[PDB]
Amino acid sequence: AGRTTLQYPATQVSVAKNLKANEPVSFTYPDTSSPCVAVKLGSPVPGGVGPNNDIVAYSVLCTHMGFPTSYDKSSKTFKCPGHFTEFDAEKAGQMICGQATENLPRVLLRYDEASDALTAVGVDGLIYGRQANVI
Amino acid sequence: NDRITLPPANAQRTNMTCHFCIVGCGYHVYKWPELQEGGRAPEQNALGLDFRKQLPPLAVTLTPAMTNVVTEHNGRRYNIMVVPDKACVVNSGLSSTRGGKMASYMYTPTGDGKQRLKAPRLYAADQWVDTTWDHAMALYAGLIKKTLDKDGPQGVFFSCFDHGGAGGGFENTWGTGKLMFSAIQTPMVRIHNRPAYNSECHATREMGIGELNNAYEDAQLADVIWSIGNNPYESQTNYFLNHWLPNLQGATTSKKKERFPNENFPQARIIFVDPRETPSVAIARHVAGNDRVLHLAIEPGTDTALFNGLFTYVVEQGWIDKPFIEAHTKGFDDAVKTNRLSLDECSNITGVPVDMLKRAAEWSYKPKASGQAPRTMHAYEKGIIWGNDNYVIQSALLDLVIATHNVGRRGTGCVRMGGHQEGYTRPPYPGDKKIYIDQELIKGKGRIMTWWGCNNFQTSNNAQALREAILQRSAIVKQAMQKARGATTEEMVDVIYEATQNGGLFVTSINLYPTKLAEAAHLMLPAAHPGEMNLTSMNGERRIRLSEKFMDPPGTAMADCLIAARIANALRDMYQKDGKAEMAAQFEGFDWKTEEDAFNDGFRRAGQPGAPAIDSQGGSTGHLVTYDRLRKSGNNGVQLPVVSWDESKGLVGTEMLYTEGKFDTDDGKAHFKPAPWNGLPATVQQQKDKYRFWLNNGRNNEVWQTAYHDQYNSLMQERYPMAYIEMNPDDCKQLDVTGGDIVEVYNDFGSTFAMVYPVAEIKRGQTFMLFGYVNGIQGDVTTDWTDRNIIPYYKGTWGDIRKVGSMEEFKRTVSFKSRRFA
Amino acid sequence: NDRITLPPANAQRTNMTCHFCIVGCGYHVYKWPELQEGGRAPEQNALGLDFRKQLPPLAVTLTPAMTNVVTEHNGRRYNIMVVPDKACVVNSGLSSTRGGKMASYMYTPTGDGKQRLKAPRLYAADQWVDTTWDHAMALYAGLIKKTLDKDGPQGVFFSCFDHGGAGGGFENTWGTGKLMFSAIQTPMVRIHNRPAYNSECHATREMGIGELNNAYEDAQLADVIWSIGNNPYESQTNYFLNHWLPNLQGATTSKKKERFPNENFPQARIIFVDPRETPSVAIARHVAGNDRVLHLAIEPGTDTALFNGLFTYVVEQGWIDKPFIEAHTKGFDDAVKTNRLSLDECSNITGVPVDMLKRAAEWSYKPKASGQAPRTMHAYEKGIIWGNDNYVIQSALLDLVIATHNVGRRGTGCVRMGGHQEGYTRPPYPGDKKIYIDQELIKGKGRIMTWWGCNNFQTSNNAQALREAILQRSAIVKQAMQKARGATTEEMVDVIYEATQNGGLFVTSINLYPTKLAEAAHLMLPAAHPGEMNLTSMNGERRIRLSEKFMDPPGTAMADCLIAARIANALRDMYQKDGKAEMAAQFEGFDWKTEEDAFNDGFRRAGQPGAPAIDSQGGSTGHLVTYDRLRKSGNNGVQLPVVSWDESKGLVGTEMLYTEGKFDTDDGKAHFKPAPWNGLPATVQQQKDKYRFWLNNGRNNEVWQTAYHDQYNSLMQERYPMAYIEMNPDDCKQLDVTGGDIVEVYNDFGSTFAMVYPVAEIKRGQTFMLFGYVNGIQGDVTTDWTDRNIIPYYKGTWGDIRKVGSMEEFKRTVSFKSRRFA
Ligand SMILES: Nc1nc2c(c(=O)[nH]1)N[C@H]1C(S)=C(S)[C@@H](COP(=O)(O)OP(=O)(O)OC[C@H]3O[C@@H](n4cnc5c(=O)[nH]c(N)nc54)[C@H](O)[C@@H]3O)O[C@H]1N2
Ligand SMILES: Nc1nc2c(c(=O)[nH]1)N[C@H]1C(S)=C(S)[C@@H](COP(=O)(O)OP(=O)(O)OC[C@H]3O[C@@H](n4cnc5c(=O)[nH]c(N)nc54)[C@H](O)[C@@H]3O)O[C@H]1N2
Ligand SMILES: Nc1nc2c(c(=O)[nH]1)N[C@H]1C(S)=C(S)[C@@H](COP(=O)(O)OP(=O)(O)OC[C@H]3O[C@@H](n4cnc5c(=O)[nH]c(N)nc54)[C@H](O)[C@@H]3O)O[C@H]1N2
Ligand SMILES: Nc1nc2c(c(=O)[nH]1)N[C@H]1C(S)=C(S)[C@@H](COP(=O)(O)OP(=O)(O)OC[C@H]3O[C@@H](n4cnc5c(=O)[nH]c(N)nc54)[C@H](O)[C@@H]3O)O[C@H]1N2
Ligand code: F3S
Ligand code: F3S
Ligand code: FES
Ligand SMILES: [Mo+4]
Ligand SMILES: [Mo+4]
Ligand code: NA
Ligand code: NA
Ligand SMILES: [O]
């Protein structure tokens, strides 16, 4: 091979200006079995993208035992119904409380000013239930 | 990152019990050469899972934190993968956040375990250096010998683990206890979590009920579970998750009905006695509904009043087992008189409304329609063990349980939830008095103090008084050592001993890590944890398992029992050399090459012919357990005591204690005890009189104990860079603090520091601070007060709070969002 | 492991000078997102190297140690690769083992830098805790202010770097110097490597010859190189490798001949003055043959006698430049009289045979056949700088050099080899006396002491006396702090100040790491190193380079110059608040947002109109240097002083000093000095009289300085788990020691510990211990003795050796094989 990196796809999510503050968008990345959310937080955070540096994206599969987590708009967290793990959308998937041993994986977005496009280009962290992010 | 190396199909697999909490969840350790891997096809990897497509929920627990690469003493590198056993009855494949990190917290030269103690460390007056094991033994044994010869055993002090799992277990408790008690014969010994040689459970034992009297299956069969002074989602996670919650969800109903065809089983309910609304309360509400959870949010320290009012009420209603009382108990009528308290009085003291008191009794004790009393499991932990008068609370609680026949019936029990695992086998304690060891040390007693698998700088009650005294006394020895040049070991022993006659104290720590004890220690010895050694221990239902060795320790790190043998043999050799045959004989019986030898000498000898007096949780049938028999048992092990063994059946043990109504007392009866309500202790009341906040304290789900591994984990330190204090938002506004501000917390006992964590569920004038931590030690503000058996009221202290300032970096990186799930 | 991620073709590339030694080798830092990589084809990676097939020798320097993955403040992950620049003139693509590790020693959360200081740390009486920057400044500035108001500047102590490279450089020396000298105006300041505010080079500077007077190209043009008190293969690797060895190999002969058409150039030769046979001696013999190397293995401390004998001889033979002496020098005839020593007396003192003395003069000073004196570069370092009377040795050596016209000719120079890089720009020192700072501290002076970018617990002379005193004084402050409860910052300042009136000392460390200073420090502030900041510095031939920022510091770690500005602005604010406009005005001039601002304020203002007095290595043309101009220059930079600049030419600088015979003295002449031979100092002689072994000390090739990074590196710790002492094998046998035994080394000054390293080349009754180390501090046994300018004779001590015992682990894991290549 040579290669030490996974071959991630480049997947269009949307243009940034279509996202409303605190209204999660669903997409799949890096394939149709990996559910993800992108959300405009409404306020800049470290590593947020877009015009207001505030768009973040995640794998929604709990890194404990893999249940799809749900985005809570009031707390801006992802909550797992399995064993009650909760992840902070504003702290790069930091576990607030729970049984996981890994932060919620971040979907890396490129933001292109010229087109206003958000493209999913990678994952930081390992998605639940996978030997590698790219199957 | 973004991939994992799978275990090959033919990978080596050993059994490991979780290093940490009481639950004792079962895990498998997969070990294979670094340059090999498994295929994604399910039959081409050791997990048997299909990694050619996304796995569904519950199929696995597997993250990079559950993997490592170890370097063995031969220089060869091996992948390890430490994952929960799906077929273990304790956890059914669940891993907590704490156990899930075991792979990461194995020793590797570059990982989280990189700072593991690898050789003896010596503070040579003015600097840390390595030294040899032989020099270390010469100095340490030399000192102990000199102290024995001149002062007797009363000059030699220990604080040592008495517990199970990692840094305890049957091998290690025997080794240390044989050394301290049979050989050295010192009474100047405290325990890792309490400052004398005592029990947490004097009252319940004396009333004839050992504190681990049921099975985890009992939590499945109960109508009602009480969690008293107990945060079990955070503190006993997988017992709560795998046993309690299935009951609350109705998954166990059909099993109750199959066992008891003519008994009604309503939807299960749960009662929490805790001043604080915890994650456990929140998650119980989420799962069961608000209508099946009662949070009895008592006033701090009022548990005795609570139970006396409930006992009085169930007696007055006749919601008691009168045939049980008459046949199997003693002292009931006395306890009715001494413990009498009206629900009105109870409500005034506890702050719990009378309606809630009545409801808790109705759910728990009133006959069901089919005629039978509810099966009510009463589970308690440190909210009452470190509560307002440990002995009296247990007296009050057990009286309620015994009168309601909630011991010895399936689905019942009055039990410790537990802390660590258990693994006690020791000679009897060689004194006839309880001794408050920290007070002795602070008063300038003792020549040599050994901390062994504990760190009381972080975990003593009145910890600030302790550290002050120990640092100063350690300094005297440091100062005296530095005048030496070119001294032999024997001359150095005389230098140090002289310094201890002028207030000094020689301090040794036997540990995995330097820890804060390195600030005072003169000598530190490297130990080995499970997987670097074989180790036996039992969980909260007395289920003994063997944790199999699968890798080498760092450097010359040794099993604690073998450290004890090393010490005993050094002492014996010194005595033999000095012509002191009688003294040498006391150090016989440590001819041990492996930890198994400690198992054979202790656990397996208890109660056998020509054995010395041995106090073992295995009992007198412990000899039926061998390492090979435990191996064959798996992570299921056997519940102690073992009742039979043969080749065809395996180990057969004991599910529940006291099912025939024979208790552990002189007459076979359970004994009721008087439980006076005398308010808070005056020392604690004085703090409450002077200062504004109740300084509650205890566990965080993610942090283990003194954070001895967690302190090296980048994720853990990013999450909890400092000890946090949960405060009411309104109290916060009054102090102009928010999330990520640092505060001083202080009283007459001490001053410490915490980062502010606003928590809506905290009551005004109440707080909650993480205990035991590496940055902001909570214990500085705990009082010196202890009950009659020298059990501290660690949860009983008050203090004021002052803003230091805003830590902008904490605000940038730490979540202050809610840890109570809804 | 077994692979590397290549940098993509378009990866970001910045310039970086090596963090560590004087040579200042040029590197490139490749930075790129973690999930990208380069292809193996040479045009598809940033290196331009063909990784489709094996690379030949010399094609690359690339290991996993030269790679890392950093996590930035935005949470994003980036591959980095830190590799030598092939087109840099200094190193021509060479990397030493020390610089080769730079990538590994960049800050990452899980790597070797994991314990980097990331926030202020406070010892709050009895425990370490985090604190805020504002609280830290309130406490630190508060104390400084209190001390200024009550005691004046003489209560405020520093030991601070004056050097270049990482933990130094022009921005940083300016920042610290402006703070200490212009603002606080304290004279109670020492330097990182010496205990007063002085120079290593008083004599040579006062004789008119600054110590960095040539180019590295001069080592290529020389007939003869002297290496005096200098182990340059280990201590100045790539100058030795890239410049010295090519000369010895004949690769530079044709360039000598092209420069000098009418001059003979024999094969180059090399002379080492060093009591010890070092790896540099061995490697020189391997490269050049035994017949072209002279090891003058002098008796310790006899340098002055050596040079006076050579000077006497070259004068008597007439192997001197009489026209040079007459036109360009003063004091020759006096020096001939005062320095007169016969070769027989010289031989008796040095132990060097007369034939070897004569040969060294013959190689070095006797005219070649073509008429011209040999081009003899005289290179010296710490064997004489920390030698027997710093001032007198340089006087004697320079007399020889000046008489032989070995300054100012190409292929010559009397130069420091250097230690760190250089990067000095500071106000004048504000006192009129040299003050022995360690002695002052030991005697109980000062309220507050700051260690800034240094660790004198490991590196002071008489280090044991120092540590003892500092720990005790620190303890008094700790004891006073602990009685406080609920005190404001202002009250705490008063409590600590009071403790310092009763013998206490408040200790601050400004550092990358806790270090051993954490045993005494009350406050620790996090600094940032090159790559986390921009930084300028120059090497041993005055070549100034910019090291570019490419990554964020850990947490709130800051550039030292910006920490200084923070402190200055805190003090200014306090004075403005206190209504003291004049005192506030002293803390003006630190309105700095980036390190560049410190560069503009210091280096670029030296000698400009309206500037205050500034002592700068840039001189008065420093304003011509800008960060953008250095960027355009590359890793080649410019040799200072700059002579011209324009857009078309770039920076044009200065190759060699003194080529027209104009020296830095009142009259433009070089000045000879008397150099009396007085034997060893009585303090050192008393040690030699009482004890057996000469306790030589200094550098190991692989270990950098106090092992601040290296202590965390698993390979370094496996190789050198403990400081080693090179011992003669016959002396070893006499003491019953071998490789991996531990010994105590001791004298009247102190006691320390080392692992035994048998070395055949060590002379009987002589030893060599690694200096500065994290396990076994050598400096405990160095004396308090200093020359007239308070320069220690660190290389001058004697002591005895006692066996502690055999460290089995060292024997199993550490190589004791020979480090002298043959
Ligand atoms: N304020 C307050 N104080 C409390 C409590 C509280 O609720 N509130 N709780 C109390 C309780 S219940 C407890 S359990 C104590 C805990 O008090 P400690 O017993 O002091 O704390 P641990 O963190 O359990 O101590 C384990 C130590 O042993 C080391 N270690 C780990 N494995 C081994 C091994 O195999 N061998 C050896 N020799 N060392 C090993 C660890 O590195 C660490 O230093 O704290 C008590 N203190
Ligand atoms: N996550 C995690 N789990 C662990 C540990 C760990 O460090 N981390 N440590 C283990 C050990 S050794 C132990 S001892 C257990 C302890 O586990 P628990 O005892 O379950 O945990 P704690 O947080 O010490 O305290 C329990 C509760 O006591 C309450 N409390 C305080 N004062 C009173 C009072 O007067 N009365 C009553 N009724 N309640 C009161 C507090 O609000 C708290 O929720 O946890 C074990 N499990
Ligand atoms: N016996 C004996 N003693 C000696 C010598 C000897 O030959 N013999 N040699 C002497 C010599 S030549 C020297 S140079 C001294 C060295 O004495 P020191 O200067 O005490 O030692 P170094 O290791 O250079 O110290 C650098 C320190 O600064 C920290 N540091 C690194 N980078 C930075 C940064 O960017 N900022 C800040 N603020 N801190 C930083 C490091 O972690 C470390 O603590 O030792 C001297 N002592
Ligand atoms: N690998 C590595 N290189 C470094 C450093 C490091 O820590 N590691 N530190 C850097 C610094 S700050 C400096 S100052 C330089 C140090 O560079 P050097 O001075 O080159 O190194 P040292 O090992 O201190 O000492 C040089 C020699 O002095 C000899 N010596 C001892 N006593 C005498 C004496 O009385 N007379 C004579 N003539 N020689 C004597 C010793 O035998 C030794 O070989 O190295 C720099 N480079
Ligand atoms: S994994 Fe471990 S920490 Fe307790 S809940 Fe289970 S035994
Ligand atoms: S790589 Fe660094 S250590 Fe010196 S030889 Fe070159 S500057
Ligand atoms: S599957 Fe999500 S918290 Fe367990
Ligand atoms: Mo406990
Ligand atoms: Mo130096
Ligand atoms: Na304190
Ligand atoms: Na010492
Ligand atoms: O415990």
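Residues numbered from 1 in each chain as written, not as in the entry; some residues may be left out. Chains lettered and ligands numbered in written order. Part of a larger assembly, values for the part shown. Heavy atoms only, no water.

This deposited entry lists X-ray crystallography as its structure determination method and 1.89 Å as its resolution.

You'll find chain B entered in the PDB entry as Arsenite oxidase subunit AioA, with Alcaligenes faecalis given as the organism. Reading the Function entry of the UniProt record for chain B gives the comment "Involved in the detoxification of arsenic. Oxidizes As(III)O3(3-) (arsenite) to the somewhat less toxic As(V)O4(3-) (arsenate)." UniProt, in the comment section headed Catalytic activity, describes chain B in these words: "2 oxidized [azurin] + arsenite + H2O = 2 reduced [azurin] + arsenate + 3 H(+)". (UniProt positions renumbered as here; feature names shortened; annotations may be inferred.)

Going by the PDB entry, chain A carries the name Arsenite oxidase subunit AioB and comes from Alcaligenes faecalis. You can read under Catalytic activity in the UniProt record for chain A the words "2 oxidized [azurin] + arsenite + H2O = 2 reduced [azurin] + arsenate + 3 H(+)". In its Sequence similarities section, UniProt records this for chain A: "Belongs to the AOX family."

Asker: Can you help me understand the packing of helix α9 (residues 303-317) of chain B against helix α15 (residues 390-403) of chain B in this one?
Answerer: For any two helices packed against each other, one specifies the inter-axial angle together with the distance between the axes. All names here are of chain B. At a minimum axis distance of 8 Å, the contact between α9 and α15 shows a crossing angle of 20°. In terms of axis orientation, α9 runs roughly parallel to α15. At the point where α9 passes α15, the crossing takes the left-handed sense. Taken together, the residues of α15 that come into contact with α9 (itself represented by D303, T304, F307, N308, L310, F311 and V314) are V392, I393, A396, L397, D399, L400 and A403. Looking at the contact of α9 with α15 residue by residue, the class counts come to ten nonpolar, two polar and two charged. (Axes fitted to C-alpha atoms, helices over the stretch in contact; angles between N-to-C directions. Helix = DSSP H or I, 4+ residues; strand = E, 2+ residues; numbered from the N terminus. Parallel < 35°, antiparallel > 145°, perpendicular 65-115°, else oblique. Left-handed = near helix turned anticlockwise from the far one by under 90°. Contact = heavy atoms within 4.5 Å. Nonpolar A, V, L, I, M, F, W, Y, C, P; charged D, E, K, R; others polar.)

Asker: Just to check I follow, could you spell out the interface of chain A and chain C for this structure?
Answerer: Of the residues lining the interface, 13 residues belong to chain A; the matching set on chain C comes to 13 residues. Together, the buried faces of chain A and chain C total about 890 Å²; carbon and sulfur atoms form 51% of this surface. The interface formed by chain A and chain C includes zero salt bridges. Where chain A packs against chain C, one counts four residue pairs in polar contact. Tallying contributions element by element places strand β10 (residues 117-124) of chain A first for the side of chain A that touches chain C, with three residues. A per-class count over the side of chain A that touches chain C returns six nonpolar, five polar and two charged. (Buried area = accessible area lost by both parts, 1.4 Å probe. Salt bridge = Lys/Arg side-chain N within 4 Å of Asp/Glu carboxyl O. Polar contact = N/O pair within 3.5 Å; in protein donor to acceptor, adjacent residues only side chain to side chain.)

Asker: In this structure, what is going on with the environment of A87 of chain B? I would like to understand it.
Answerer: Examined against the element boundaries, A87 of chain B turns out to sit in the loop between β4 (77-84) and β5 (121-123). Separated by 492 residues in sequence, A87 of chain B and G579 of chain B have C-alpha atoms that sit 58 Å apart.

Asker: Can you help me understand the interface of chain B and chain C in this one?
Answerer: Accessible area lost during the coming together of the parts is what is often quoted as the interface size. Chain B puts 69 residues into the contact, and the matching count from chain C is 68 residues. Taken over both partners, the interface formed by chain B and chain C buries close to 4,700 Å², and the fraction arising from carbon and sulfur atoms is 47%. Of all residues in chain B, the largest losses of buried area upon contact with chain C belong to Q127, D130 and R485 of chain B, amounting jointly to 13% of the total for that side. Across the chain B-chain C interface, the total number found is five salt bridges. A salt bridge links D112 of chain C to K114 of chain B; the nearest nitrogen and oxygen atoms lie 3.5 Å apart. Listed by contribution, the elements that provide at least two residues to the side of chain B that touches chain C are β5, β6 (128-130), α1 (133-150), α18 (463-481), β28 (741-746), β29 (751-758), β31 (798-806) and α27 (808-813) of chain B. Ranked by residue count, the leading element in the side of chain B that touches chain C is α18 of chain B, at six residues.

Asker: Sorry if this is basic, but what is going on with the sheet that holds strand β30 (residues 766-770) of chain B here?
Answerer: Strand pairing in a sheet relies on backbone hydrogen bonds. The paired strands run either parallel or antiparallel. Residue and element names in this part refer to chain B. Reading around the circumference, β26-β30-β27-β29-β28-β31 is the order of the six strands in this closed barrel, with mixed pairing throughout. Averaged over neighbouring strand pairs, the angle between their axes works out to 45° when direction is ignored. Strand direction decides the pairing type here: β28 and β29, joined by five bridges, are antiparallel. If you follow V745 over to β29, its bridge partner there is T752. (Pairing = 2+ DSSP bridges.)

Asker: Sorry if this is basic, but what is going on with the UniProt feature "binding site: [3Fe-4S] cluster" in chain B here?
Answerer: All names here are of chain B. In the numbering used here, UniProt assigns the feature "binding site: [3Fe-4S] cluster" to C18, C21 and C25. With respect to the secondary-structure elements, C18 resides in the loop between β1 (12-17) and β2 (26-33). A relative accessible area of 8% places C18 in the buried class. Here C18 is in contact with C25, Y27, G99, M102 and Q421, once residues within four sequence places are set aside. You can see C21 is positioned in the loop between β1 and β2. If we skip the residues at most four places from it in the chain, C21 touches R98, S235, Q236, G419, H420, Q421 and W704. (Buried < 20%, exposed > 50% of the residue type's maximum accessible area, 1.4 Å probe, protein only.)

Asker: Quick question: what am I supposed to make of the pattern of salt bridges here?
Answerer: When their charged atoms lie close together, side chains carrying opposite charge are able to pair. Residue and element names in this part refer to chain C. Under the defined criterion, the tally for this structure stands at 112 salt bridges over all chains. The partner of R52 in a salt bridge is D50, with the nearest N and O atoms 2.9 Å apart. A salt bridge links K690 to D748; its shortest N-O distance comes to 2.9 Å. Here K690, found in helix α24 (residues 682-690), pairs with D748, found in the loop between β28 (741-746) and β29 (751-758); they are 58 residues apart in sequence, far enough to count as distant.

Asker: Just checking my understanding: could you explain the coordination of the sodium ion (ligand 10) for this structure?
Answerer: In ideal tetrahedral geometry, four donors around a metal make angles of 109.5 degrees, whereas ideal octahedral geometry with six donors gives angles of 90 or 180 degrees. Around the sodium ion (ligand 10), the donor atoms from the protein are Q464 of chain B (OE1), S751 of chain B (O), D780 of chain B (OD), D126 of chain C (OD) and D126 of chain C (OD), and they sit 2.3 to 2.8 Å away. Of this pair, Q464 of chain B sits in helix α18 while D780 of chain B is found in the loop between β30 and β31, placing the two residues 316 residues apart along the sequence. (Donors = N, O, S within 2.8 Å, 3.2 Å for Na, K, Ca; no water.)

Asker: Explain the coordination of the sodium ion (ligand 11) here, please?
Answerer: Taken together, the protein donors to the sodium ion (ligand 11) comprise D126 of chain B (OD), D126 of chain B (OD), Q464 of chain C (OE1), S751 of chain C (O) and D780 of chain C (OD), at separations of 2.1 to 2.7 Å. Residue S751 of chain C is located in strand β29, and its partner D780 of chain C is located in the loop between β30 (766-770) and β31 (798-806); the two are separated by 29 residues in the primary sequence. Assigned by exposure class, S751 of chain C and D780 of chain C land together as buried.

Asker: Where do I start with the site of ligand 3 in this structure?
Answerer: All names here are of chain C. Around ligand 3 sit 31 residues, and of these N455, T459, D560, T706 and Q778 come closest. Within the side chain of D560, an N or O atom sits 2.7 Å from a nitrogen atom of ligand 3. Here ligand 3 loses 98% of its free accessible area of 910 Å² to cover by the protein chains. Broken down by secondary-structure element, the contributors of at least two residues to the shell around ligand 3 are α17 (456-459) and β17 (506-511). A class-by-class count of the residues in the shell around ligand 3 yields eleven nonpolar, 16 polar and four charged. (Near = heavy atom within 4 Å. Areas by Shrake-Rupley, 256 points an atom, 1.4 Å probe, with all protein chains shown as cover.)

Asker: In this structure, what is going on with the UniProt feature "binding site: [2Fe-2S] cluster" in chain A? I would like to understand it.
Answerer: The positions that UniProt labels "binding site: [2Fe-2S] cluster" are, in the present scheme, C62, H64, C80 and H83 of chain A. Despite a sequence span of 22 residues, these residues sit close together in the fold, their greatest C-alpha distance being 9.7 Å. Counting through the fold element by element, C62 of chain A comes out in the loop between β4 (55-59) and β5 (70-72). Apart from residues no more than four positions distant in its own chain, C62 of chain A is found in contact with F67, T69, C80, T85, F87 and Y128 of chain A. Positionally, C80 of chain A belongs in the loop between β6 (77-79) and β7 (86-88). Here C80 of chain A is in contact with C62, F67, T69 and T85 of chain A together with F821 of chain B, once residues within four sequence places are set aside.

Asker: Would you mind going over the site of ligand 4 with me for this structure?
Answerer: Residue and element names in this part refer to chain C. Around ligand 4, the structure places 33 residues, and the nearest of them are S235, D274, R699, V703 and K795. Compared with its free state, where it exposes 920 Å², ligand 4 has 99% of that area covered by protein. Sorting the residues of the shell around ligand 4 by element identifies α5 (232-235), α14 (382-385) and β26 (693-698) as the ones contributing at least two each. Class assignment of the residues belonging to the shell around ligand 4 gives a composition of eight nonpolar, 16 polar and nine charged. Built from parts of two domains, the shell around ligand 4 gets at least three residues from each of domain 3 (199-420 + 655-679) and domain 4 (680-814). (Domains from an automatic or database assignment.)

Asker: How should I be thinking about the domain arrangement of chain B in this particular structure?
Answerer: All names here are of chain B. Looking at chain B, the domain boundaries give domain 1 (7-116 + 529-555 + 619-654), domain 2 (117-198 + 421-528 + 556-618), domain 3 (199-420 + 655-679) and domain 4 (680-814). Relative placement of domain 2 and domain 3: their C-alpha centres are 40 Å apart. Summed over both partners, the interface of domain 2 with domain 3 comes to about 680 Å²; 54% of that surface belongs to carbon and sulfur atoms. Across the pair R416 and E422 runs a salt bridge, and its minimum N-O distance is 3.8 Å. Put simply, domain 2 and domain 3 have one residue pair in polar contact between them.

Asker: Explain the sheet that holds β28 of chain C to me, please; I cannot follow it from the model alone.
Answerer: Spatial ordering of the closed barrel is given by β26-β30-β27-β29-β28-β31 (chain C), a layout of six strands whose pairing is mixed. Averaged over all pairs of adjacent strands, the angle between strand axes in this sheet comes to 45°, irrespective of strand direction.

Asker: Explain the side chain of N461 of chain B here, please?
Answerer: You can see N461 of chain B is positioned in the loop between α17 (456-459) and α18. Residues contacting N461 of chain B, with those up to four places away along its chain left out, are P195, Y436, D438, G779, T782, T783, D784, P792 and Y794 of chain B.

Asker: I tried to follow the relation of the copies chain B and chain C on my own but got confused; where do I start?
Answerer: For the pair of chain copies, the relating transformation is a rotation about an axis with a translation along it. Placing chain B over chain C gives an RMSD of 0.1 Å and needs a rotation angle of 180°, together with 0.1 Å of translation along the axis. A rotation of that kind, with that shift, is consistent with a two-fold axis. Within chain B, the C-alpha atom positioned nearest to the axis of rotation is that of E519 of chain B, 3.7 Å from it. (Least-squares fit on C-alpha atoms.)

Asker: I tried to follow unusual backbone geometry on my own but got confused; where do I start?
Answerer: Peptide bonds are trans in most cases, and residues, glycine excluded, mostly fall at negative phi. Residue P30 of chain A is reached from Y29 of chain A by a cis peptide bond, and omega for that bond is 0°. Relative to the helices and strands, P30 of chain A resides in the loop between β2 (25-28) and β3 (35-40). Residue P641 of chain B follows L640 of chain B across a cis peptide bond; omega there is -10°. Note on placement: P641 of chain B falls in the loop between β22 (638-639) and β23 (644-646). Unlike most non-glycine residues, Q185 of chain B shows phi in positive territory, near 65°. On the secondary structure map, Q185 of chain B appears in the loop between α2 (170-184) and β8 (189-191). Despite not being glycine, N462 of chain B has its phi angle at roughly 55°, a positive value. Tracing the backbone shows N462 of chain B in the loop between α17 and α18. Looking at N462 of chain B, the relative accessible area reads 8%, which means it is buried.

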